[PDB]
$ cat structure_6.cif   # mmCIF, C-alpha atoms and all ligand atoms
data_start
loop_
_atom_site.label_atom_id
_atom_site.label_comp_id
_atom_site.auth_asym_id
_atom_site.auth_seq_id
_atom_site.Cartn_x
_atom_site.Cartn_y
_atom_site.Cartn_z
CA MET A 1 0.00 0.00 0.00
CA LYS A 2 0.90 3.67 -0.31
CA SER A 3 3.16 4.56 2.61
CA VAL A 4 2.87 7.76 4.61
CA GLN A 5 5.98 9.96 4.59
CA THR A 6 7.48 11.36 7.78
CA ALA A 7 10.05 13.90 8.90
CA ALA A 8 11.44 14.31 12.41
CA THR A 9 13.40 16.82 14.49
CA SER A 10 14.46 17.00 18.13
CA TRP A 11 16.07 19.41 20.56
CA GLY A 12 17.49 19.54 24.05
CA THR A 13 18.17 16.64 26.36
CA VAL A 14 14.64 15.68 27.46
CA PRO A 15 14.36 15.66 24.41
CA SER A 16 11.51 17.33 22.66
CA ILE A 17 10.69 15.49 19.43
CA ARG A 18 8.37 16.54 16.63
CA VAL A 19 7.32 14.05 13.93
CA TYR A 20 5.45 15.33 10.86
CA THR A 21 3.45 12.87 8.74
CA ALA A 22 2.19 13.53 5.22
CA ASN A 23 -0.83 11.31 4.65
CA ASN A 24 -3.27 11.70 1.75
CA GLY A 25 -2.16 15.26 1.09
CA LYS A 26 -2.30 16.51 4.69
CA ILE A 27 0.56 16.99 7.16
CA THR A 28 -0.06 16.46 10.88
CA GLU A 29 2.26 16.63 13.86
CA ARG A 30 2.97 14.40 16.84
CA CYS A 31 4.97 15.66 19.80
CA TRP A 32 7.01 14.22 22.66
CA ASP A 33 8.54 16.14 25.57
CA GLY A 34 9.25 13.31 27.99
CA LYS A 35 5.74 12.33 29.11
CA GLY A 36 3.77 10.78 26.27
CA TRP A 37 3.05 11.47 22.61
CA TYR A 38 0.34 13.97 21.74
CA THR A 39 -0.99 15.79 18.69
CA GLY A 40 0.47 19.21 17.95
CA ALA A 41 -1.05 22.35 16.49
CA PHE A 42 0.57 21.98 13.04
CA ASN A 43 -1.92 20.92 10.35
CA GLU A 44 -1.33 22.07 6.77
CA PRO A 45 -1.61 20.60 3.27
CA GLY A 46 1.27 18.60 1.87
CA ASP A 47 2.16 15.36 0.10
CA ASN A 48 5.78 15.68 1.21
CA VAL A 49 7.36 17.16 4.33
CA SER A 50 10.82 18.01 5.57
CA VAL A 51 11.80 19.78 8.77
CA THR A 52 14.76 21.45 10.41
CA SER A 53 15.01 23.19 13.78
CA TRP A 54 17.57 25.17 15.76
CA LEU A 55 17.92 26.68 19.21
CA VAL A 56 18.73 30.29 19.95
CA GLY A 57 19.58 29.99 23.62
CA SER A 58 16.61 28.09 25.02
CA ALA A 59 14.16 29.19 22.28
CA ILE A 60 13.31 26.64 19.60
CA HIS A 61 12.76 27.64 15.98
CA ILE A 62 11.19 25.11 13.61
CA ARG A 63 10.86 25.23 9.83
CA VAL A 64 8.56 22.77 8.06
CA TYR A 65 8.71 22.53 4.26
CA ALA A 66 5.36 21.29 2.91
CA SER A 67 5.14 20.39 -0.78
CA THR A 68 2.12 19.77 -3.01
CA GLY A 69 2.90 19.43 -6.69
CA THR A 70 5.83 21.72 -7.44
CA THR A 71 4.88 24.25 -4.73
CA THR A 72 6.77 24.16 -1.42
CA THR A 73 5.39 26.27 1.44
CA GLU A 74 7.58 27.03 4.46
CA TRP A 75 5.92 27.13 7.88
CA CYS A 76 7.70 28.75 10.80
CA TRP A 77 7.54 28.29 14.56
CA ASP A 78 9.24 31.21 16.33
CA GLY A 79 7.17 31.47 19.53
CA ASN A 80 4.00 33.05 18.09
CA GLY A 81 2.27 30.06 16.55
CA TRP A 82 2.93 28.82 13.04
CA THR A 83 3.44 31.51 10.39
CA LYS A 84 4.02 31.28 6.65
CA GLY A 85 7.66 31.89 5.80
CA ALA A 86 9.31 33.75 2.94
CA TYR A 87 10.72 30.63 1.21
CA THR A 88 10.10 30.41 -2.50
CA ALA A 89 11.44 28.12 -5.20
CA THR A 90 10.95 27.98 -8.97
CA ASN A 91 10.15 24.31 -9.51
CA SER B 3 13.74 4.90 -6.17
CA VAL B 4 15.03 4.03 -2.72
CA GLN B 5 14.38 6.56 0.03
CA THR B 6 16.94 7.68 2.62
CA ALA B 7 17.24 9.59 5.87
CA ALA B 8 20.44 10.81 7.51
CA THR B 9 21.65 12.06 10.89
CA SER B 10 25.05 13.04 12.27
CA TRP B 11 26.60 14.00 15.59
CA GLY B 12 29.79 15.47 16.96
CA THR B 13 32.64 16.91 14.93
CA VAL B 14 34.30 13.70 13.68
CA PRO B 15 31.43 13.28 12.71
CA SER B 16 29.48 10.11 13.12
CA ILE B 17 26.89 9.75 10.36
CA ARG B 18 24.07 7.24 10.02
CA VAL B 19 22.20 6.81 6.73
CA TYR B 20 19.00 4.75 6.63
CA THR B 21 17.68 3.38 3.32
CA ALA B 22 14.19 2.03 2.69
CA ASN B 23 14.39 -0.45 -0.19
CA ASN B 24 11.73 -3.02 -1.13
CA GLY B 25 10.06 -2.82 2.26
CA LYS B 26 13.21 -3.06 4.42
CA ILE B 27 15.26 -0.34 6.12
CA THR B 28 18.99 -0.87 6.54
CA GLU B 29 21.72 1.32 8.00
CA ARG B 30 25.19 2.46 6.93
CA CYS B 31 27.56 4.03 9.44
CA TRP B 32 30.51 6.40 9.38
CA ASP B 33 32.60 7.24 12.44
CA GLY B 34 35.57 8.88 10.74
CA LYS B 35 37.29 5.80 9.31
CA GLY B 36 35.12 4.33 6.54
CA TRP B 37 31.55 3.19 5.91
CA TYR B 38 30.22 -0.04 7.39
CA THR B 39 26.85 -1.71 7.85
CA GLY B 40 25.01 -1.10 11.13
CA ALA B 41 22.76 -3.29 13.22
CA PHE B 42 19.50 -1.52 12.34
CA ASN B 43 17.33 -3.72 10.11
CA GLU B 44 13.54 -3.35 10.37
CA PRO B 45 10.60 -3.25 7.95
CA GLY B 46 9.56 -0.02 6.31
CA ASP B 47 8.73 1.65 3.02
CA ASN B 48 9.52 5.13 4.38
CA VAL B 49 12.08 6.32 6.94
CA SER B 50 12.97 9.45 8.86
CA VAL B 51 15.48 9.91 11.68
CA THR B 52 16.53 12.30 14.40
CA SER B 53 19.22 12.05 17.05
CA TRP B 54 20.47 13.98 20.05
CA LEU B 55 23.36 13.86 22.49
CA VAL B 56 23.09 13.57 26.24
CA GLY B 57 26.63 14.56 27.11
CA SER B 58 28.69 12.17 24.98
CA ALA B 59 25.96 9.53 24.52
CA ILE B 60 23.96 9.43 21.28
CA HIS B 61 20.25 8.68 21.20
CA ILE B 62 18.71 7.89 17.82
CA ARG B 63 15.04 7.64 16.82
CA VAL B 64 14.13 6.04 13.49
CA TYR B 65 10.54 6.40 12.25
CA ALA B 66 9.71 3.44 10.00
CA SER B 67 6.42 3.53 8.11
CA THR B 68 4.49 0.91 6.18
CA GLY B 69 1.07 1.96 4.98
CA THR B 70 -0.30 4.31 7.63
CA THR B 71 1.52 2.62 10.53
CA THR B 72 4.70 4.28 11.81
CA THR B 73 6.91 2.34 14.22
CA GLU B 74 9.54 4.22 16.23
CA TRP B 75 12.85 2.44 16.82
CA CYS B 76 15.14 3.65 19.59
CA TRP B 77 18.89 3.48 20.06
CA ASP B 78 19.92 4.29 23.63
CA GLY B 79 23.12 2.24 23.77
CA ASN B 80 21.71 -1.28 24.19
CA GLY B 81 20.42 -2.23 20.76
CA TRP B 82 17.31 -1.10 18.95
CA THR B 83 14.04 -1.14 20.92
CA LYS B 84 10.50 -0.21 19.92
CA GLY B 85 9.40 3.19 21.17
CA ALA B 86 6.06 4.47 22.37
CA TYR B 87 5.30 6.57 19.25
CA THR B 88 1.87 6.19 17.72
CA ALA B 89 -0.08 8.27 15.22
CA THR B 90 -3.69 8.08 14.00
CA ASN B 91 -3.08 7.93 10.26
CA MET C 1 1.18 14.66 -10.47
CA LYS C 2 3.67 13.38 -7.90
CA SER C 3 4.84 16.14 -5.57
CA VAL C 4 8.44 17.28 -5.32
CA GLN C 5 10.47 15.91 -2.40
CA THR C 6 12.56 18.05 -0.07
CA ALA C 7 15.20 17.83 2.62
CA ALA C 8 16.36 20.61 4.92
CA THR C 9 19.24 21.43 7.25
CA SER C 10 20.22 24.46 9.30
CA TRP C 11 23.11 25.71 11.41
CA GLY C 12 24.03 28.46 13.85
CA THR C 13 21.77 31.12 15.29
CA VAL C 14 21.14 33.36 12.26
CA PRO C 15 20.49 30.62 11.06
CA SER C 16 21.68 29.43 7.74
CA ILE C 17 19.19 27.06 6.11
CA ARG C 18 19.58 24.88 3.01
CA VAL C 19 16.56 23.27 1.36
CA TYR C 20 17.11 20.61 -1.33
CA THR C 21 14.31 19.80 -3.79
CA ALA C 22 14.11 16.71 -5.99
CA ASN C 23 11.95 17.54 -9.02
CA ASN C 24 11.72 15.36 -12.14
CA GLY C 25 15.03 13.65 -11.48
CA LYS C 26 17.05 16.74 -10.54
CA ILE C 27 17.96 18.08 -7.10
CA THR C 28 18.49 21.83 -6.65
CA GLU C 29 19.21 23.96 -3.59
CA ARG C 30 17.81 27.13 -2.01
CA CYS C 31 19.75 29.02 0.66
CA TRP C 32 18.95 31.40 3.51
CA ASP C 33 21.69 33.22 5.43
CA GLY C 34 19.40 35.71 7.19
CA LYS C 35 18.78 38.18 4.35
CA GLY C 36 16.61 36.50 1.74
CA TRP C 37 16.48 33.22 -0.16
CA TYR C 38 18.79 32.58 -3.11
CA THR C 39 19.81 29.64 -5.29
CA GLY C 40 22.78 27.52 -4.24
CA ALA C 41 25.45 25.70 -6.21
CA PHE C 42 24.14 22.17 -5.56
CA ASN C 43 22.70 20.67 -8.74
CA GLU C 44 22.89 16.89 -9.19
CA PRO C 45 20.57 14.12 -10.40
CA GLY C 46 18.21 12.45 -7.98
CA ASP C 47 14.62 11.42 -7.35
CA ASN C 48 15.00 11.30 -3.55
CA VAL C 49 17.10 13.41 -1.22
CA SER C 50 18.19 13.51 2.41
CA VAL C 51 20.74 15.77 4.10
CA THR C 52 22.72 16.21 7.30
CA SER C 53 25.28 18.83 8.34
CA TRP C 54 27.65 19.63 11.17
CA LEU C 55 29.83 22.52 12.30
CA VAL C 56 33.54 22.40 13.05
CA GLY C 57 33.91 25.70 14.84
CA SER C 58 32.14 28.07 12.44
CA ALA C 59 32.79 25.98 9.30
CA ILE C 60 29.82 24.04 7.90
CA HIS C 61 30.05 20.57 6.41
CA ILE C 62 27.06 19.27 4.46
CA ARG C 63 26.30 15.78 3.18
CA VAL C 64 23.48 15.28 0.65
CA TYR C 65 22.31 11.74 -0.15
CA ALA C 66 20.84 11.68 -3.66
CA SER C 67 19.09 8.51 -4.86
CA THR C 68 18.05 7.36 -8.33
CA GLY C 69 16.74 3.83 -8.50
CA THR C 70 18.80 1.79 -6.04
CA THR C 71 21.91 4.00 -6.37
CA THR C 72 22.54 6.58 -3.64
CA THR C 73 25.33 9.10 -4.16
CA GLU C 74 26.72 11.20 -1.31
CA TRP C 75 27.69 14.77 -2.16
CA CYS C 76 30.00 16.65 0.20
CA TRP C 77 30.26 20.37 0.85
CA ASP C 78 33.37 21.21 2.86
CA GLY C 79 33.73 24.84 1.78
CA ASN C 80 35.33 24.22 -1.63
CA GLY C 81 32.62 22.92 -3.95
CA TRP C 82 30.45 19.81 -4.02
CA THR C 83 32.42 16.56 -4.36
CA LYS C 84 31.29 12.94 -4.47
CA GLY C 85 31.91 11.23 -1.14
CA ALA C 86 32.89 7.68 -0.31
CA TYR C 87 29.37 6.59 0.81
CA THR C 88 28.27 3.32 -0.71
CA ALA C 89 25.42 0.91 -0.10
CA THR C 90 24.51 -2.47 -1.56
CA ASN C 91 20.89 -1.87 -2.54
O1 LIG D 1 -3.90 -6.32 5.37
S1 LIG D 1 -3.34 -6.00 4.03
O2 LIG D 1 -2.44 -4.88 4.11
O3 LIG D 1 -2.80 -7.17 3.41
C1 LIG D 1 -4.71 -5.48 3.03
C2 LIG D 1 -4.68 -5.66 1.66
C3 LIG D 1 -5.74 -5.26 0.87
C4 LIG D 1 -6.84 -4.66 1.49
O4 LIG D 1 -7.90 -4.26 0.72
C5 LIG D 1 -6.90 -4.47 2.87
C6 LIG D 1 -5.81 -4.88 3.63
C7 LIG D 1 -8.09 -3.81 3.54
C8 LIG D 1 -7.86 -2.31 3.66
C9 LIG D 1 -7.36 -1.77 4.84
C10 LIG D 1 -7.14 -0.41 4.95
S2 LIG D 1 -6.52 0.26 6.47
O5 LIG D 1 -7.66 0.48 7.32
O6 LIG D 1 -5.88 1.56 6.13
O7 LIG D 1 -5.55 -0.67 6.98
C11 LIG D 1 -7.40 0.44 3.88
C12 LIG D 1 -7.89 -0.06 2.69
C13 LIG D 1 -8.11 -1.44 2.58
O8 LIG D 1 -8.59 -1.95 1.41
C14 LIG D 1 -8.17 0.87 1.52
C15 LIG D 1 -7.03 0.98 0.53
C16 LIG D 1 -6.06 1.97 0.68
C17 LIG D 1 -5.02 2.08 -0.23
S3 LIG D 1 -3.80 3.35 -0.02
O9 LIG D 1 -4.34 4.55 -0.60
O10 LIG D 1 -2.60 2.90 -0.76
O11 LIG D 1 -3.52 3.43 1.39
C18 LIG D 1 -4.92 1.20 -1.29
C19 LIG D 1 -5.86 0.20 -1.47
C20 LIG D 1 -6.91 0.10 -0.55
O12 LIG D 1 -7.85 -0.88 -0.70
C21 LIG D 1 -5.74 -0.77 -2.64
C22 LIG D 1 -4.99 -2.02 -2.22
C23 LIG D 1 -3.61 -2.11 -2.39
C24 LIG D 1 -2.92 -3.24 -2.00
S4 LIG D 1 -1.17 -3.33 -2.22
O13 LIG D 1 -0.60 -3.54 -0.91
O14 LIG D 1 -0.75 -2.02 -2.77
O15 LIG D 1 -0.92 -4.39 -3.16
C25 LIG D 1 -3.59 -4.32 -1.44
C26 LIG D 1 -4.97 -4.28 -1.27
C27 LIG D 1 -5.66 -3.12 -1.66
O16 LIG D 1 -7.01 -3.05 -1.49
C28 LIG D 1 -5.69 -5.46 -0.64
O1 LIG D 2 -0.13 17.90 -12.72
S1 LIG D 2 -1.55 17.50 -12.86
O2 LIG D 2 -1.81 16.39 -11.99
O3 LIG D 2 -2.43 18.63 -12.72
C1 LIG D 2 -1.75 16.90 -14.51
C2 LIG D 2 -2.31 15.64 -14.70
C3 LIG D 2 -2.48 15.14 -15.97
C4 LIG D 2 -2.05 15.91 -17.06
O4 LIG D 2 -2.20 15.42 -18.31
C5 LIG D 2 -1.49 17.19 -16.88
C6 LIG D 2 -1.33 17.66 -15.58
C7 LIG D 2 -1.00 18.02 -18.05
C8 LIG D 2 0.48 17.74 -18.20
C9 LIG D 2 1.42 18.55 -17.59
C10 LIG D 2 2.78 18.29 -17.73
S2 LIG D 2 3.96 19.35 -16.93
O5 LIG D 2 3.80 20.66 -17.51
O6 LIG D 2 5.26 18.76 -17.14
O7 LIG D 2 3.61 19.37 -15.50
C11 LIG D 2 3.22 17.20 -18.46
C12 LIG D 2 2.31 16.36 -19.08
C13 LIG D 2 0.94 16.64 -18.94
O8 LIG D 2 0.04 15.81 -19.54
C14 LIG D 2 2.78 15.16 -19.89
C15 LIG D 2 2.92 13.89 -19.08
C16 LIG D 2 4.14 13.55 -18.52
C17 LIG D 2 4.28 12.38 -17.78
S3 LIG D 2 5.85 11.98 -17.07
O9 LIG D 2 6.83 12.12 -18.12
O10 LIG D 2 5.76 10.58 -16.59
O11 LIG D 2 6.03 12.87 -15.95
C18 LIG D 2 3.20 11.54 -17.58
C19 LIG D 2 1.96 11.84 -18.13
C20 LIG D 2 1.84 13.02 -18.88
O12 LIG D 2 0.64 13.35 -19.44
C21 LIG D 2 0.78 10.92 -17.92
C22 LIG D 2 -0.11 11.37 -16.77
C23 LIG D 2 0.08 10.86 -15.49
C24 LIG D 2 -0.73 11.28 -14.45
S4 LIG D 2 -0.49 10.62 -12.82
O13 LIG D 2 -1.80 10.27 -12.32
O14 LIG D 2 0.15 11.65 -12.04
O15 LIG D 2 0.38 9.43 -12.96
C25 LIG D 2 -1.74 12.19 -14.66
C26 LIG D 2 -1.97 12.73 -15.92
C27 LIG D 2 -1.14 12.30 -16.96
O16 LIG D 2 -1.36 12.81 -18.20
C28 LIG D 2 -3.07 13.75 -16.15
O1 LIG D 3 3.80 21.85 22.82
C1 LIG D 3 3.33 21.52 21.52
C2 LIG D 3 3.66 22.59 20.50
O2 LIG D 3 3.27 23.87 20.93
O3 LIG D 3 5.07 22.54 20.32
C3 LIG D 3 5.57 23.45 19.34
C4 LIG D 3 4.99 23.12 17.98
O4 LIG D 3 5.43 21.80 17.65
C5 LIG D 3 3.47 23.19 18.06
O5 LIG D 3 2.86 22.82 16.83
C6 LIG D 3 2.96 22.28 19.17
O6 LIG D 3 1.55 22.41 19.31
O1 LIG D 4 10.98 34.49 10.81
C1 LIG D 4 10.60 33.78 9.63
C2 LIG D 4 11.75 33.70 8.64
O2 LIG D 4 12.30 34.96 8.37
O3 LIG D 4 12.73 32.87 9.24
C3 LIG D 4 13.89 32.63 8.42
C4 LIG D 4 13.49 31.95 7.13
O4 LIG D 4 12.95 30.67 7.48
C5 LIG D 4 12.48 32.82 6.40
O5 LIG D 4 12.03 32.21 5.20
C6 LIG D 4 11.28 33.09 7.31
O6 LIG D 4 10.34 33.95 6.67
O1 LIG D 5 28.01 -0.32 14.73
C1 LIG D 5 27.69 1.04 15.00
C2 LIG D 5 26.36 1.14 15.73
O2 LIG D 5 26.37 0.41 16.94
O3 LIG D 5 26.17 2.52 15.99
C3 LIG D 5 24.94 2.82 16.68
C4 LIG D 5 23.75 2.39 15.85
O4 LIG D 5 23.76 3.19 14.66
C5 LIG D 5 23.87 0.90 15.55
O5 LIG D 5 22.80 0.44 14.74
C6 LIG D 5 25.20 0.61 14.87
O6 LIG D 5 25.34 -0.79 14.64
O1 LIG D 6 13.41 5.56 25.77
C1 LIG D 6 12.51 5.37 24.68
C2 LIG D 6 11.55 6.54 24.55
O2 LIG D 6 10.88 6.79 25.76
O3 LIG D 6 12.35 7.66 24.18
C3 LIG D 6 11.60 8.87 24.00
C4 LIG D 6 10.59 8.70 22.89
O4 LIG D 6 11.32 8.43 21.70
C5 LIG D 6 9.66 7.55 23.25
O5 LIG D 6 8.70 7.32 22.24
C6 LIG D 6 10.48 6.28 23.48
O6 LIG D 6 9.63 5.21 23.87
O1 LIG D 7 26.80 30.56 0.01
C1 LIG D 7 26.02 29.62 -0.70
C2 LIG D 7 26.66 28.24 -0.67
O2 LIG D 7 28.02 28.30 -1.02
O3 LIG D 7 26.52 27.78 0.67
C3 LIG D 7 27.09 26.48 0.90
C4 LIG D 7 26.42 25.44 0.02
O4 LIG D 7 25.05 25.36 0.43
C5 LIG D 7 26.56 25.86 -1.43
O5 LIG D 7 25.93 24.95 -2.32
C6 LIG D 7 25.97 27.26 -1.62
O6 LIG D 7 26.12 27.68 -2.97
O1 LIG D 8 35.80 14.25 3.44
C1 LIG D 8 34.78 13.54 2.75
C2 LIG D 8 34.28 12.37 3.59
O2 LIG D 8 35.35 11.61 4.08
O3 LIG D 8 33.55 12.95 4.66
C3 LIG D 8 32.97 12.00 5.56
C4 LIG D 8 32.00 11.09 4.84
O4 LIG D 8 30.92 11.88 4.35
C5 LIG D 8 32.73 10.40 3.70
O5 LIG D 8 31.87 9.54 2.96
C6 LIG D 8 33.36 11.44 2.78
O6 LIG D 8 34.09 10.80 1.74
#
$ encode --input "structure_6.cif" --output "structure tokens" --more "lines below"
Ligand SMILES: O=S(=O)(O)c1cc2c(O)c(c1)Cc1cc(S(=O)(=O)O)cc(c1O)Cc1cc(S(=O)(=O)O)cc(c1O)Cc1cc(S(=O)(=O)O)cc(c1O)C2
Ligand SMILES: O=S(=O)(O)c1cc2c(O)c(c1)Cc1cc(S(=O)(=O)O)cc(c1O)Cc1cc(S(=O)(=O)O)cc(c1O)Cc1cc(S(=O)(=O)O)cc(c1O)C2
Ligand SMILES: OC[C@@]1(O)OC[C@@H](O)[C@@H](O)[C@@H]1O
Ligand SMILES: OC[C@@]1(O)OC[C@@H](O)[C@@H](O)[C@@H]1O
Ligand SMILES: OC[C@@]1(O)OC[C@@H](O)[C@@H](O)[C@@H]1O
Ligand SMILES: OC[C@@]1(O)OC[C@@H](O)[C@@H](O)[C@@H]1O
Ligand SMILES: OC[C@@]1(O)OC[C@@H](O)[C@@H](O)[C@@H]1O
Ligand SMILES: OC[C@@]1(O)OC[C@@H](O)[C@@H](O)[C@@H]1O
Amino acid sequence: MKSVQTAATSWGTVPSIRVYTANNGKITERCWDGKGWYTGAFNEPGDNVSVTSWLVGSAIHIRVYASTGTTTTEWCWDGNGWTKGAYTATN
Amino acid sequence: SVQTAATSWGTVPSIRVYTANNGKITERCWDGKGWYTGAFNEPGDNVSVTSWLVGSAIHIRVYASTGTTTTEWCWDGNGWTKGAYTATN
Amino acid sequence: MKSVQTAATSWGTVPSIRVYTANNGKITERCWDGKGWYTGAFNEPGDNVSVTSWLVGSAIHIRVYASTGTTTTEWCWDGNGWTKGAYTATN
């Protein structure tokens, strides 16, 4: 059968983990911070997902790259919910 | 085509590359002195990976998916164990 | 049709980000260093892509794993152009 496609990132020593799953054109998010998996706020269209994250001090910044067709949309976590980023590409 | 995921740690570095091929995920390893085959071998058509250090100790999480079922595999120094991850796909 | 596939890595606190996109058998690269996205030098064949990177001091090292069929080629950025690495697999 058609397999879902995942992307994962982690930070710190607890750690926090975020796993994004593209399934039937939608990306959803599962989260771990030491005490059970739960569903996160991220829910956006995409057949394909990649993720990277970095710390600035103790503040986490996450970038999720969601692709449908040739269009990749960047989604940004910087402490004020998810926001659409400036990323563009000419695919 | 086959599908891969990669993680690395330290400054040597160590690198681990996971490849999903014909329903199986295998692992190739670099620790500064050449590539060799690792112990990870579990079913999956899709793979992602993340890893983190606790001091000098590496912890690796491999997300192996077949259909809508994703199984998390955990390296914490004592072989690969199944993790608690679930998702409602 | 089938969506493009991406992989992403980041480093430092600016940060720098690199996003690799596999589109109709070719992988290209977009770059962020804090002041706008631009096109990078990576351009190699591939249907599937993953990436990892690490810092040695302030110097970035990037490894891109590009797959076509059962052949995965590692491409290495060590400051001086993209070169084929020693990665092999028996797929
Ligand atoms: O248990 S099995 O994995 O062997 C299985 C095989 C087939 C099946 O029809 C089912 C199970 C029942 C079934 C289960 C589910 S689930 O609830 O998600 O587990 C879903 C379906 C289903 O038929 C519906 C379905 C989904 C997809 S997908 O879009 O790729 O996920 C494909 C199909 C589905 O029927 C077609 C299909 C493909 C395949 S194959 O594995 O690709 O050869 C086997 C069977 C199929 O019905 C034949
Ligand atoms: O991208 S869309 O899903 O909107 C789309 C679907 C179909 C289409 O016919 C077109 C677009 C028009 C079209 C666009 C392009 S493009 O400008 O390059 O994007 C190319 C084609 C095309 O018909 C030609 C074409 C190429 C290929 S490929 O060489 O293998 O990539 C396959 C096909 C093509 O028509 C067959 C095909 C496959 C599919 S599939 O369901 O995605 O497999 C849908 C449609 C198809 O015509 C049916
Ligand atoms: O604590 C969970 C959460 O806030 O963590 C940061 C992001 O992963 C969000 O989508 C998510 O809801
Ligand atoms: O704060 C958001 C932002 O500026 O962060 C850096 C890059 O990810 C940009 O594309 C993005 O718009
Ligand atoms: O041999 C190196 C090894 O022990 O490194 C840690 C994990 O990547 C293991 O699967 C692997 O076998
Ligand atoms: O020690 C294993 C474990 O607790 O590590 C943190 C998460 O990866 C969990 O899903 C996993 O079961
Ligand atoms: O400054 C841009 C650049 O040199 O950054 C390092 C690599 O990502 C290169 O492919 C890219 O062209
Ligand atoms: O200096 C290049 C190199 O040695 O870097 C570490 C690994 O990526 C190797 O496959 C690669 O050939």
$ interface_residues --input "structure_6.cif" --of "chain A" --to "chain C" --cutoff "9 Å" --atoms "only C-alpha atoms" --output "count of residues only"
27
$ atom_distance --input "structure_6.cif" --atom1 "atom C6 of ligand LIG 1 (chain D)" --atom2 "atom CA of residue 5 of chain B"
23.5 Å
$ atom_distance --input "structure_6.cif" --atom1 "atom CA of residue 25 of chain C" --atom2 "atom CA of residue 31 of chain B"
26.2 Å
$ residues_near_ligand --input "structure_6.cif" --ligand "ligand LIG 5 (chain D)" --cutoff "10 Å" --atoms "only C-alpha atoms and all ligand atoms" --output "list in words"
residues 9, 16, 17, 18, 19, 20, 28, 29, 30, 31, 32, 33, 38, 39, 40, 41, 42, 43, 60, 61, 62, 76, 77, 78, 79, 80, 81 and 82 of chain B
$ interface_residues --input "structure_6.cif" --of "chain B" --to "chain C" --cutoff "8 Å" --atoms "only C-alpha atoms" --output "mmCIF file with C-alpha atoms, keeping the file's coordinate frame"
data_model
loop_
_atom_site.group_PDB
_atom_site.id
_atom_site.type_symbol
_atom_site.label_atom_id
_atom_site.label_comp_id
_atom_site.auth_asym_id
_atom_site.auth_seq_id
_atom_site.Cartn_x
_atom_site.Cartn_y
_atom_site.Cartn_z
ATOM 1 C CA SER B 3 13.740 4.900 -6.170
ATOM 2 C CA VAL B 4 15.030 4.030 -2.720
ATOM 3 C CA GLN B 5 14.380 6.560 0.030
ATOM 4 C CA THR B 6 16.940 7.680 2.620
ATOM 5 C CA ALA B 7 17.240 9.590 5.870
ATOM 6 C CA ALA B 8 20.440 10.810 7.510
ATOM 7 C CA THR B 9 21.650 12.060 10.890
ATOM 8 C CA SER B 10 25.050 13.040 12.270
ATOM 9 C CA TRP B 11 26.600 14.000 15.590
ATOM 10 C CA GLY B 12 29.790 15.470 16.960
ATOM 11 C CA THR B 13 32.640 16.910 14.930
ATOM 12 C CA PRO B 15 31.430 13.280 12.710
ATOM 13 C CA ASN B 23 14.390 -0.450 -0.190
ATOM 14 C CA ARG B 30 25.190 2.460 6.930
ATOM 15 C CA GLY B 36 35.120 4.330 6.540
ATOM 16 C CA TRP B 37 31.550 3.190 5.910
#
$ atom_distance --input "structure_6.cif" --atom1 "atom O2 of ligand LIG 1 (chain D)" --atom2 "atom CA of residue 71 of chain B"
10.6 Å
$ residues_near_ligand --input "structure_6.cif" --ligand "ligand LIG 7 (chain D)" --cutoff "6 Å" --atoms "only C-alpha atoms and all ligand atoms" --output "MDAnalysis selection string"
chainID C and resid 40:42
$ axis_aligned_box --input "structure_6.cif" --around "ligand LIG 1 (chain D)" --padding-each-side "4 Å" --output "AutoDock Vina command-line options"
--center_x -4.6 --center_y -1.3 --center_z 2.1 --size_x 16.0 --size_y 19.7 --size_z 18.5
$ closest_residue --input "structure_6.cif" --among "B:49, B:25, B:87, B:66" --to "ligand LIG 1 (chain D)" --atoms "only C-alpha atoms and all ligand atoms"
B:25
$ residues_near_point --input "structure_6.cif" --point "(8.0, 34.2, 10.0)" --cutoff "12 Å" --atoms "all atoms listed in the file" --output "PyMOL selection string"
(chain A and resi 61-64+73-87) or (chain C and resi 34)
$ closest_atom_pairs --input "structure_6.cif" --of "chain B" --to "ligand LIG 1 (chain D)" --cutoff "10 Å" --atoms "only C-alpha atoms and all ligand atoms" --output "Markdown table"
| residue | atom | partner | partner_atom | distance |
| --- | --- | --- | --- | --- |
| B:68 | CA | D:LIG1 | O2 | 9.3 |
| B:69 | CA | D:LIG1 | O11 | 6.0 |
| B:70 | CA | D:LIG1 | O6 | 6.4 |
| B:71 | CA | D:LIG1 | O7 | 8.6 |
| B:91 | CA | D:LIG1 | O6 | 8.1 |
